[PDB]
Amino acid sequence: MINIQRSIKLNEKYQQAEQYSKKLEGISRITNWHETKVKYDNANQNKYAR
Amino acid sequence: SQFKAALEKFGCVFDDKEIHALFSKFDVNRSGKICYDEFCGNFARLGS
Amino acid sequence: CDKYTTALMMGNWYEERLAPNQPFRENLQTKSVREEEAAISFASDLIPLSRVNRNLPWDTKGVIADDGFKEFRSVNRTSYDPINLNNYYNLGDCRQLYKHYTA
Amino acid sequence: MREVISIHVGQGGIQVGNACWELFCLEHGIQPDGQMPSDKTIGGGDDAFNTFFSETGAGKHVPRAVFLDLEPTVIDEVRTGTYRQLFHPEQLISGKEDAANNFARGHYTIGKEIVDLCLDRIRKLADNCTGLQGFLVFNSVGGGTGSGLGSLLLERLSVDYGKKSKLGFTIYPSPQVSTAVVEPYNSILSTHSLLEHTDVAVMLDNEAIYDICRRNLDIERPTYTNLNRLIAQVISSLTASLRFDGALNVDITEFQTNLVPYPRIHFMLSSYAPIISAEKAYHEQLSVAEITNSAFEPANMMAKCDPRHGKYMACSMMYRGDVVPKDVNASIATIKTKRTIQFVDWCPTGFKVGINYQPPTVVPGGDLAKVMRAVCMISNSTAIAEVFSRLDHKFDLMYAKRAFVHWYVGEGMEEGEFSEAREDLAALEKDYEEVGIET
Amino acid sequence: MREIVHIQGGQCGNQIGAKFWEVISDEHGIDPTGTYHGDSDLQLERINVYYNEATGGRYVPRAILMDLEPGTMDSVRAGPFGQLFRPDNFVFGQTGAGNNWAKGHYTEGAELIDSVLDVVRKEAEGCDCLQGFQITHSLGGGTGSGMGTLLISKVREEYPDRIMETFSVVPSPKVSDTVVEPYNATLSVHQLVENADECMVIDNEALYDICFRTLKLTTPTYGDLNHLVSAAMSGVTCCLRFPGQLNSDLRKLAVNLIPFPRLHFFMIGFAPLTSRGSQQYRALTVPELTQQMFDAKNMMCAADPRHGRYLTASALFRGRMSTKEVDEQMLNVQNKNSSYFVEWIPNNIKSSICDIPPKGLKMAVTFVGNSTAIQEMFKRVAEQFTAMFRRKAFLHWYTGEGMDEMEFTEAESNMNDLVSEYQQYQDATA
Amino acid sequence: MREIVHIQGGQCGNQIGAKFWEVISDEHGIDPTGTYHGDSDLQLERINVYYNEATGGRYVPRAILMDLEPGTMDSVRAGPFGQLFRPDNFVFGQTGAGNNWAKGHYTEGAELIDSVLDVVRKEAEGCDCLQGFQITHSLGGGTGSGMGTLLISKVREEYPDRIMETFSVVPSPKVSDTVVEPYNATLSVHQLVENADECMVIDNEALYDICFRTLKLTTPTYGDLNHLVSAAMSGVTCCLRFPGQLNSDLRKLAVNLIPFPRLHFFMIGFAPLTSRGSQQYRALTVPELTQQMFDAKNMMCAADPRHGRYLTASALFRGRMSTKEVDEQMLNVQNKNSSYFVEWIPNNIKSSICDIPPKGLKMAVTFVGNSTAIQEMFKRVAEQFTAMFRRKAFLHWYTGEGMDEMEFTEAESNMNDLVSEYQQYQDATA
Ligand SMILES: Nc1nc2c(ncn2[C@@H]2O[C@H](COP(=O)(O)OP(=O)(O)OP(=O)(O)O)[C@@H](O)[C@H]2O)c(=O)[nH]1
Ligand SMILES: Nc1nc2c(ncn2[C@@H]2O[C@H](COP(=O)(O)OP(=O)(O)O)[C@@H](O)[C@H]2O)c(=O)[nH]1
Ligand SMILES: Nc1nc2c(ncn2[C@@H]2O[C@H](COP(=O)(O)OP(=O)(O)O)[C@@H](O)[C@H]2O)c(=O)[nH]1
Ligand SMILES: [Mg+2]
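Residues numbered from 1 in each chain as written, not as in the entry; some residues may be left out. Chains lettered and ligands numbered in written order. Part of a larger assembly, values for the part shown. Heavy atoms only, no water.

- Structure determination for this PDB entry is given in the record as cryo-EM, at a resolution of 4.1 Å.

### Concerning the overall build of chain D
Here is step 1 of the chain: Helix and strand content of chain D: 14 helices and 12 strands.
Here is step 2 of the chain: Relative to its length of 439 residues, chain D is compact, with a C-alpha radius of gyration of 21 Å against a globular reference of 22 Å.
Here is step 3 of the chain: Principal-axis analysis of the C-alpha atoms places the extent of chain D at approximately 60 × 60 × 45 Å.
Here is step 4 of the chain: Long-range contacts, defined as pairs at least 24 residues apart, comprise 85% of the intrachain contacts of chain D with a sequence gap of at least 6.
Here is step 5 of the chain: Total accessible area on chain D stands at roughly 17400 Å², and carbon and sulfur atoms take up 53% of it.
Here is step 6 of the chain: Seen as two clouds, the 40 positive and the 56 negative side-chain charges of chain D have centres 3 Å apart. (Helix = DSSP H or I, 4+ residues; strand = E, 2+ residues; numbered from the N terminus. Rg over C-alpha atoms; globule rule 2.2 N^0.38 Å. Contact = heavy atoms within 4.5 Å. Areas by Shrake-Rupley, 256 points an atom, 1.4 Å probe, with all protein chains shown as cover. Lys, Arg positive; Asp, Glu negative; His and termini not counted. Charge placed at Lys NZ, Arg CZ, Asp CG, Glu CD.)

### A word on the site of ligand 1
Here is step 1 of the chain: Neighbouring residues of ligand 1: 20 residues in total, closest D:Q11, D:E71, D:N101, D:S140 and D:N206.
Here is step 2 of the chain: Two or more chains meet at ligand 1, and those chains are chains D and E.
Here is step 3 of the chain: Within the side chain of D:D98, an N or O atom sits 2.9 Å from an oxygen atom of ligand 1.
Here is step 4 of the chain: Take D:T179: an N or O atom from its side chain is 2.9 Å from an oxygen atom of ligand 1.
Here is step 5 of the chain: Out of a free accessible area of 620 Å², ligand 1 has 90% covered by protein chains.
Here is step 6 of the chain: Looking at the shell around ligand 1, its residues break down into four nonpolar, 13 polar and three charged. (Near = heavy atom within 4 Å. Polar contact = N/O pair within 3.5 Å; in protein donor to acceptor, adjacent residues only side chain to side chain. Nonpolar A, V, L, I, M, F, W, Y, C, P; charged D, E, K, R; others polar.)

### Things to note about the packing of aromatic side chains
Here is step 1 of the chain: Summed over the entire model, instances satisfying the criterion amount to 71 aromatic pairs over all chains.
Here is step 2 of the chain: Look at C:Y88 and C:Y89: their rings are 6.0 Å apart centre to centre, the planes differ by 45 degrees, and that puts the pair in the tilted class.
Here is step 3 of the chain: On the basis of an interplanar angle of 10 degrees and a centroid distance of 6.0 Å, the ring pair of F:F133 and F:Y159 is categorised as stacked. One end of the pair, F:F133, is in strand 6 (residues 130-138); the other, F:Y159, is in the loop between helix 5 (143-158) and strand 7 (163-169), and 26 residues separate them in sequence.
Here is step 4 of the chain: Look at F:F133 and you get buried, because its relative accessible area is 4%.
Here is step 5 of the chain: Here F:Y159 falls in the partly exposed class, since its relative accessible area comes to 25%.
Here is step 6 of the chain: Taken together, the aromatic side chains of C:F42, E:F20, E:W21, E:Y50, E:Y51, E:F85 and E:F90 make up a single cluster linked through ring pairs.
Here is step 7 of the chain: It is A:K39 that lies over the ring of A:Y40; its NZ or CZ is 3.8 Å from the centre.
Here is step 8 of the chain: The ring of F:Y281 has E:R58 sitting right over it, with the charged end atom 4.7 Å from the ring centre. (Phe/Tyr/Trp six-rings, centres within 6.5 Å; stacked < 30°, edge-to-face > 60°. Buried < 20%, exposed > 50% of the residue type's maximum accessible area, 1.4 Å probe, protein only. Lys NZ or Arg CZ within 6 Å of the ring centre and 35° of its normal.)

### Overview of the UniProt feature "binding site: Mg(2+)" in chain E
All names here are of chain E.
Here is step 1 of the chain: The positions that UniProt labels "binding site: Mg(2+)" are, in the present scheme, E69.
Here is step 2 of the chain: Within the element layout of this structure, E69 appears in the loop between strand 4 (63-67) and helix 3 (71-78).
Here is step 3 of the chain: Classification of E69 as partly exposed rests on a relative accessible area of 36%. (UniProt positions renumbered as here; feature names shortened; annotations may be inferred.)

### Examining the site of ligand 3
Residue and element names in this part refer to chain F.
Here is step 1 of the chain: Near ligand 3 you find 15 residues, and of these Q11, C12, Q15, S138 and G144 are the closest.
Here is step 2 of the chain: Between an oxygen atom of ligand 3 and a main-chain N or O atom of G144, the distance comes to 3.1 Å.
Here is step 3 of the chain: Between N204 and ligand 3, the recorded distance is 3.1 Å, taken from a side-chain N or O atom to a nitrogen atom.
Here is step 4 of the chain: Relative to its unbound accessible surface of 590 Å², ligand 3 loses 87% to contact with the protein.
Here is step 5 of the chain: Those elements that place two or more of their residues in the shell around ligand 3 are helix 1 (10-27), helix 5 and helix 8 (222-235).
Here is step 6 of the chain: Here the element with the most residues in the shell around ligand 3 is helix 1; it accounts for five residues.

### Overview of the domain arrangement of chain E
All names here are of chain E.
Here is step 1 of the chain: Examined at the domain level, chain E breaks down into domain 1 (3-256) and domain 2 (265-374).
Here is step 2 of the chain: Distance from the C-alpha centre of domain 1 to the C-alpha centre of domain 2: 24 Å.
Here is step 3 of the chain: Across the contact, 36 residues belong to domain 1 and 28 residues belong to domain 2.
Here is step 4 of the chain: Of the roughly 2900 Å² buried where domain 1 meets domain 2, counting both sides, 70% is carbon and sulfur surface.
Here is step 5 of the chain: The interface formed by domain 1 and domain 2 contains zero salt bridges.
Here is step 6 of the chain: Connecting domain 1 to domain 2 are six residue pairs in polar contact.
Here is step 7 of the chain: Broken down by element, the side of domain 1 that touches domain 2 gets its largest block of residues, seven residues, from helix 7 (residues 204-215).
Here is step 8 of the chain: Residues of the side of domain 1 that touches domain 2, tallied by class, amount to 22 nonpolar, six polar and eight charged. (Domains from an automatic or database assignment. Buried area = accessible area lost by both parts, 1.4 Å probe. Salt bridge = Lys/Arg side-chain N within 4 Å of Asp/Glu carboxyl O.)

Dropping the structure here:
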């Protein structure tokens with residue numbers, strides 16, 4: 001009896017903790033693309049003139 | 001430089017004065033190119 | 001040597017003329033090599049193992065002799081090598097328009 | 001952002017990974033110690049190396065490759081080779097005893113003491129990876145440790161990761177060109193194990209490439225280095241699109257929906273062109289039409305199989321160089337028109353074409369000449385069942401009287417598991433026979 | 001690292017071991033004083049396979065030698081390279097065997113075997129990871145054939161999983177030197193079949209024929225035959241000590257060569273062998289190596305390989321060659337001689353490649369074969385045994401040391417069974 | 001600083017000490033004239049434990065020489081390093097004990113022991129902080145076994161809390177030279193178990209076996225046995241005199257080796273031992289050292305420890321080395337031979353490390369074990385004693401100085417109870 005509801009509670013807690021990290025990791029990679037973008041903007045005006 | 005790197009390999013990260021001391025003691029001819037064959041022979045004999 | 005003294009052309013007169021030396025056949029009177037000594041190690045029965053002098057080592061080199069080659073290389077070491085990679089770098093486009101010494 | 005993980009297991013896998021990573025590190029211009037030679041790079045490739053290399057934060061780069069073997073000879077040979085400062089020292093896993101051409105040794109007795117370590121390394125690699133695209137695995141099937149450890153790793157990964165795509169470049173035994181004597185057992189069990197765990201299978205037999213290099217490079221005494229160089233060339237041509245700009249970029253995920261009609265049928269064979277020496281190249285033409293015609297030449301394929309005995313179901317071809325899409329389309333039309341290559345009725349469209357600007361790179365000390373156009377083709381055909389039928393024939397002839405069975409059974413291997421492999425391969429060959437039946 | 005220990009017993013075993021150790025010392029560049037003076041670095045990468053290191057930097061072989069009479073040990077110490085062996089591995093009796101199996105296998109062998117078992121145990125446990133054992137001995141003699149095989153059984157009881165190699169100089173009727181040959185030969189072959197993982201038969205008159213015909217010298221001596229056997233034995237395990245393209249260990253050889261647990265008797269050969277007068281006049285090609293290798297006369301056994309069908313063969317090429325030429329030559333020799341290979345096994349010849357050839361040589365081929373031609377040797381041994389046992393000749397010397405004719409009967413029946421279900425596959429067809 | 005004085009009696013003890021002091025002086029770099037000529041300050045830092053400070057910067061041993069026959073003193077004075085001993089410490093009787101325990105313990109010993117007791121009291125009071133006492137003698141002789149034991153009794157009465165060690169040489173029935181040994185041996189054992197804190201059994205039979213088999217030198221003398229016992233004697237006390245990873249004193253060894261106060265008999269051994277022609281072929285490493293350390297025939301007692309179960313064991317390592325290798329070798333030898341260790345006291349082995357190796361060696365090991373296999377010595381001694389006693393043979397000599405059969409009976413009963421007690425703690429389980 002009890003161990004059933006215990007399993008549901010643990011699984012629910014862990015899947016919430018999982019989805020939080022999922023979105024948190026998702027945002028960082030778009031931020032990374034944007035930040036490397038300006039850092040690498042130096043080329044392609046130079047390296048294009050040549 | 002490679003002697004310093006080799007010592008860093010084993011973890012004996014030392015400073016410049018004693019690295020010159022160690023290098024010069026083995027480099028008897030003072031040319032500046034030590035022979036690690038004689039180096040390893042010396043250390044093997046000491047370890048015997 | 002066919003019941004003869006190898007200065008004659010009975011069968012196998014030629015390739016055995018190339019014999020190295022093999023001192024044993026003309027020195028089987030020396031015996032000697034009485035050089036094991038009483039080692040007192042290898043062994044004891046306390047008596048050391050009694051030594052009987054042996055004869056000459058009999059030549060050897062039965063396998064085909066070395067054909068003056070050193071060898072001792074690995075196919076993987078030979079195949080890649082640093083030389084090709086260094087050559088295909090910090091070089092090239094050398095046509096000797098003027099004359100200049102190069103390594 | 002897109003990375004793949006490369007696995008090299010078995011002695012053949014290691015000796016092909018050597019050439020693969022030689023070509024890779026040369027193509028992006030990386031010194032063997034790993035240090036970027038700077039030399040006014042100003043980010044010339046910019047971000048084109050993260051697919052295969054990861055920056056250490058300051059200077060050198062480390063490849064995303066894992067090397068597995070139980071006999072330390074190849075491993076410490078690599079550690080004393082010329083790429084000694086490149087690889088991660090504890091990422092080159094070396095075992096204790098070789099499996100010694102025994103499948104059960106590497107799958108039930110010795111293999112379990114290394115898979116945990118290998119999974120740990122794969123985990124720490126994937127943790128650093130952020131845009132993982134898939135797994136590319138190399139292994140020999142005619143070997144004990146290769147087949148066994150490959151099967152165990154595929155089993156573990158199929159549940160630890162799941163949906164991530166897996167592409168395996170397997171080297172099945174040649175018809176008569178063969179080294180070992182018990183390899184039909186290892187091959188049959190390994191293909192049984194991988195049939196339902198691997199996603200893409202690529203045939204890479206040996207004697208076919210022997211004939212290729214004999215006919216094109218005119219090399220009468222080729223060695224395994226030429227083999228590995230050709231394989232690495234094929235791999236780089238296949239994987240260029242992920243890291244280089246192109247007109248029609250194709251991802252590795254653009255393979256399951258283009259080459260796999262049914263879940264069971266996922267075995268294909270490759271071809272590459274042009275293959276020419278350095279003397280017989282500079283007065284020739286290397287036209288797109290002639291290279292794509294030579295690609296479909298049956299004698300030019302990488303595997304010993306006659307495509308004229310079977311139908312075609314799918315072909316994916318990658319062009320690299322300055323190719324013209326209109327020329328590619330015209331050549332494709334000519335290929336479709338010419339009758340000998342007959343496509344199956346239910347596949348009115350069968351071609352997946354990719355284009356990349358980057359010309360192929362040549363390695364110093366190599367045999368291939370510097371070429372300005374190339375094409376690599378992967379084909380799924382019903383004729384591949386011939387090699388399976390041949391392997392089944394050999395297996396039946398030697399299992400008729402239970403030869404070599406004791407070596408397996410004494411290692412914990414159960415006697416009956418050979419049977420289920422037999423019925424499974426019978427079902428697979430029957431499926432291949434069925435799919436070619438017209439409606 | 002996967003090191004193996006050496007054990008030798010009897011006169012022939014001791015002499016073969018001495019010559020083999022001299023050959024290996026020459027190969028690895030270790031001097032008679034035990035100090036290394038080699039040239040290339042590769043000589044040390046697997047030096048631990050055959051030698052242990054001691055304080056002072058000297059390397060000593062891990063070989064244990066054993067006999068019931070001290071004369072052979074006196075000889076081996078006084079001979080060249082006699083200072084390599086540590087004094088602890090010499091074990092001996094004081095009485096000798098006198099070519100009597102019971103003397104060396106029941107009373108004196110049993111009372112002496114404890115010390116040698118202790119020595120082999122400590123030597124095996126000293127090294128890190130075992131790989132197997134190799135033995136060199138004779139079956140026509142007393143102390144070897146009895147006490148060595150007793151040691152074989154004892155060590156097999158204690159190490160069931162390790163691989164076992166025997167190099168048996170099985171005596172032939174043409175070169176006969178003892179009348180009690182059939183008795184001890186039959187008993188030893190009875191005891192060997194259930195314990196030895198691989199057996200390698202060598203024949204004295206076959207070696208004499210090789211020396212007369214190929215090497216072409218009037219007056220050979222046991223030194224030359226020992227040298228040939230040593231070269232073959234060293235070529236067996238080249239891959240374990242040197243890098244190669246297709247490495248193969250002893251377990252790989254056993255798996256590739258053993259169809260059934262009781263079919264483990266092999267016949268070996270070495271190439272190239274040529275006379276000193278024609279040393280410079282021959283090319284160095286894989287076709288020539290294989291042509292010399294597959295020749296029936298080149299083999300080291302009295303059995304004619306062409307009187308039966310090969311079950312399995314293995315070759316260990318050395319040097320830098322091309323797998324293409326190696327394997328195409330293997331294919332060609334398997335196709336033009338389909339009559340001599342049993343049909344129901346495909347590609348019954350295995351190849352291995354090593355990068356380091358013997359010093360001063362480029363391409364060398366060590367060949368090992370499991371075929372049905374070995375039947376004839378056991379058949380002649382059996383006919384001699386029955387013709388000499390039916391009259392109970394020389395029987396009382398055995399029966400007077402706790403030996404009964406029941407074990408002789410069992411041994412002859414077992415050898416006959418080996419002959420029977422060894423030749424069955426010759427006529428068995430798929 | 002926790003110094004210890006030396007007491008020795010009998011010609012046996014005198015001979016042992018003559019070479020023990022030579023070995024110690026060599027270790028500490030002391031010339032025969034007593035002037036320091038060492039090389040490292042470690043050799044000089046901890047000299048006060050054994051050598052006092054005499055006039056002129058010289059050092060004299062704090063050893064007492066005591067005996068009833070002065071020819072032994074005359075001989076030991078003229079031996080090597082004989083000038084070290086101060087003339088005061090010599091005490092001697094002019095009659096002799098005559099191999100008679102009664103004469104050496106009641107008439108002459110009682111009359112003479114006052115002077116030696118005064119001398120030892122002076123020497124003990126002179127030291128700043130005394131650590132303990134060590135005696136060396138033989139139980140087969142008269143003067144030692146009587147008067148040294150009486151001195152032990154008085155010393156234990158006078159200094160209660162200090163530690164006592166006794167190097168006891170008991171006669172084995174094989175190498176016997178005296179007919180009245182069982183009587184005085186039993187009497188000495190019964191008196192000595194009353195007061196001794198630690199006992200080290202030493203056997204001439206075992207020493208002869210060691211010299212015959214390990215050192216393999218053809219002509220052993222008493223000097224070689226003295227050398228072995230001197231090395232073992234010095235090994236146990238190394239850590240008190242030199243720095244190391246883990247310090248350990250005699251009291252620590254006693255605590256870790258004494259389960260019960262009546263169980264204070266130990267069996268000791270030293271490693272490594274090799275001949276002269278075998279030093280080149282050995283590698284001095286922890287595996288070999290621990291293999292020789294637990295070896296049965298290595299022991300310096302006739303007792304086979306495989307006949308019983310070890311209660312406690314200790315190991316003292318000399319040299320510079322890593323710790324885990326000692327630890328894991330100990331764990332492996334405990335795990336692999338769990339049947340020879342009693343199971344209700346797990347982890348019954350102690351290890352200690354000192355970084356100063358013996359001169360001429362790089363690694364050394366000293367082993368002290370408390371095991372139940374010692375009981376067979378007392379069993380056979382009691383057998384001989386009762387066989388001689390049922391007929392009252394040689395009894396009038398002992399009855400001639402007031403001793404009675406009550407003492408013999410109670411000593412026999414006391415040692416029989418000790419044997420039964422040792423058996424009891426062996427044949428017990430939780
Ligand atoms: N084309 C090619 N094939 C190779 C190469 N190396 C090994 N192989 C194949 O590998 C097969 C035998 O297996 P191995 O690679 O020798 O060894 P393994 O697969 O690791 O298995 P074990 O022998 O137990 O170690 C041979 O039949 C070859 O076809 C290579 O460098 N090139
Ligand atoms: N090829 C070769 N055979 C040998 C050599 N020494 C002895 N033999 C053979 O050993 C056989 C005699 O074996 P024996 O010494 O009596 O065996 P044991 O009684 O057990 O010691 C003879 O038939 C010889 O042919 C040798 O140096 N070379
Ligand atoms: N280890 C050793 N044992 C000795 C020495 N001298 C005598 N013994 C032994 O002592 C026993 C006799 O003891 P004994 O001399 O009567 O003792 P004491 O009467 O007290 O001097 C003999 O069995 C000898 O084996 C020696 O220098 N070293
Ligand atoms: Mg392998």
